[PDB]
Amino acid sequence: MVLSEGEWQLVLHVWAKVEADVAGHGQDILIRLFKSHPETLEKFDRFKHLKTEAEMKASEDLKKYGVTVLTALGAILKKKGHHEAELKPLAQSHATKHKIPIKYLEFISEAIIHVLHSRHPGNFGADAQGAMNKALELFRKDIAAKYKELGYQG
Ligand code: HEM
């Protein structure tokens, strides 16, 4: 797939708002993911024992990971599709060490779109949400193709 420059503009305009508070957005997104799809919390040995949202909110480890995820994804989005280098080490670790099925990447993509819609309604109208969705589909598609080269396709 290929996004037009106007679609990348929409994606990078709302991402610039997320970047004013990377740790807060990271928390919201992961909590939305774990509340919606609790099976995903099991991949985290660091904090799969968390039982409630309150515990999740108070976890410093969870907030750190949120920053890790959003910083890596922000660097990929800013490439505007030229992200081959960035995707290599990510696809290897998620396919061979963590073992994250593509389906889980779809789940976190939904959680991102939900939180942007909640926090940034004025910069996340239908067109900007369609463009973010396209940017995340592109990301999943390219990661899925690398999983396959790596021997995992999950
Ligand atoms: C937007 C999508 C995602 C991005 C950009 C991302 C990025 C990262 C980065 C940069 C790391 C640390 C370096 C490395 O291990 O490669 C990491 C580690 C990890 N990721 Fe993610 N990730 C994403 C989705 C997921 C999902 C959906 C799951 C699980 C349901 C997952 C589970 C893990 C695990 C278990 C670790 C190890 C954490 C540790 O113990 O510190 N990732 N991820």
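Residues numbered from 1 in each chain as written, not as in the entry; some residues may be left out. Heavy atoms only, no water.

- Structure determination for this entry is recorded as X-ray crystallography, at 1.9 Å resolution.

### So, the overall build of the protein chain
And then number 1: Across its full length, the protein chain carries seven helices and zero strands.
And then number 2: Reading the helices (α) and strands (β) of the protein chain from amino to carboxyl end gives α-α-α-α-α-α-α.
And then number 3: For 154 residues, the compact-globule formula gives about 15 Å, and the C-alpha radius of gyration of the protein chain, at 15 Å, lands near that figure.
And then number 4: Each of the three principal axes of the protein chain carries a C-alpha extent, and together these read 45 × 40 × 20 Å.
And then number 5: Residues classed as buried in the protein chain amount to 42% of the 154 residues present.
And then number 6: Here the analysis covers contacts within the protein chain between residues at least 6 apart in sequence; of these, 74% occur between residues at least 24 apart.
And then number 7: Per element, the accessible surface of the protein chain, about 8,200 Å² overall, is 54% carbon and sulfur. (Helix = DSSP H or I, 4+ residues; strand = E, 2+ residues; numbered from the N terminus. Rg over C-alpha atoms; globule rule 2.2 N^0.38 Å. Buried < 20%, exposed > 50% of the residue type's maximum accessible area, 1.4 Å probe, protein only. Contact = heavy atoms within 4.5 Å. Areas by Shrake-Rupley, 256 points an atom, 1.4 Å probe, with all protein chains shown as cover.)

### Section: the UniProt feature "domain: Globin" in the protein chain
And then number 1: Mapped onto this numbering, the UniProt entry gives "domain: Globin" at residues 2-148.
And then number 2: Helix makes up 75% of residues 2-148 and strand 0%, and the two end C-alpha atoms of the span are 21 Å apart. (UniProt positions renumbered as here; feature names shortened; annotations may be inferred.)

### Here's the deal with the site of the ligand
And then number 1: Among the 15 residues in the neighbourhood of the ligand, the closest are listed as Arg-46, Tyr-65, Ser-93, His-94 and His-98.
And then number 2: Side-chain polar atom of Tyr-65 to a nitrogen atom of the ligand: 2.9 Å apart, as the coordinates give it.
And then number 3: Contact between the ligand and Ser-93: an oxygen atom at 2.6 Å from a side-chain N or O atom of the residue.
And then number 4: At the level of secondary structure, the elements contributing two or more residues to the shell around the ligand comprise α4 (60-78), α5 (84-98) and α6 (102-119).
And then number 5: Partitioned by chemical class, the residues of the shell around the ligand number eight nonpolar, five polar and two charged. (Near = heavy atom within 4 Å. Polar contact = N/O pair within 3.5 Å; in protein donor to acceptor, adjacent residues only side chain to side chain. Nonpolar A, V, L, I, M, F, W, Y, C, P; charged D, E, K, R; others polar.)

### As for unusual backbone geometry
And then number 1: Even without being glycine, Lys-80 reaches a positive phi, approximately 60°.
And then number 2: Tracing the chain through its elements places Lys-80 in the loop between α4 and α5.
And then number 3: Phi angles above zero are rare outside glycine, and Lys-99 is one such case at about 70°.

### Description of the side chain of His-120
And then number 1: Looking at where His-120 falls in the secondary structure, it is placed in the loop between α6 and α7 (126-150).
And then number 2: Those residues in contact with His-120, other than ones at most four positions away along the chain, are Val-14, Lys-17, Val-18 and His-25.

### Quick notes on the environment of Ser-59
And then number 1: Among the structural elements, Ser-59 can be located in the loop between α3 (53-58) and α4.
And then number 2: Take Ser-59: its relative accessible area is 13%, and that puts it in the buried class.

### Things to note about helix α1 (residues 5-18)
One full turn of an α-helix is made of 3.6 residues, so residues set three or four places apart face in the same direction.
And then number 1: Spanning 14 residues, α1 covers 20 Å between terminal C-alpha atoms, matching the ideal 20 Å at 1.5 Å per step.
And then number 2: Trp-8, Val-11, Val-14, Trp-15 and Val-18 are the residues of α1 that are buried. One side of α1 carries all its buried residues, which in axial view fall inside an arc of 140°.
And then number 3: The inward-facing, buried residues of α1 abut α2 (22-36), α4, α6 and α7. (Expected span 1.5 Å × (residues − 1). Arc of directions from axis to C-beta.)

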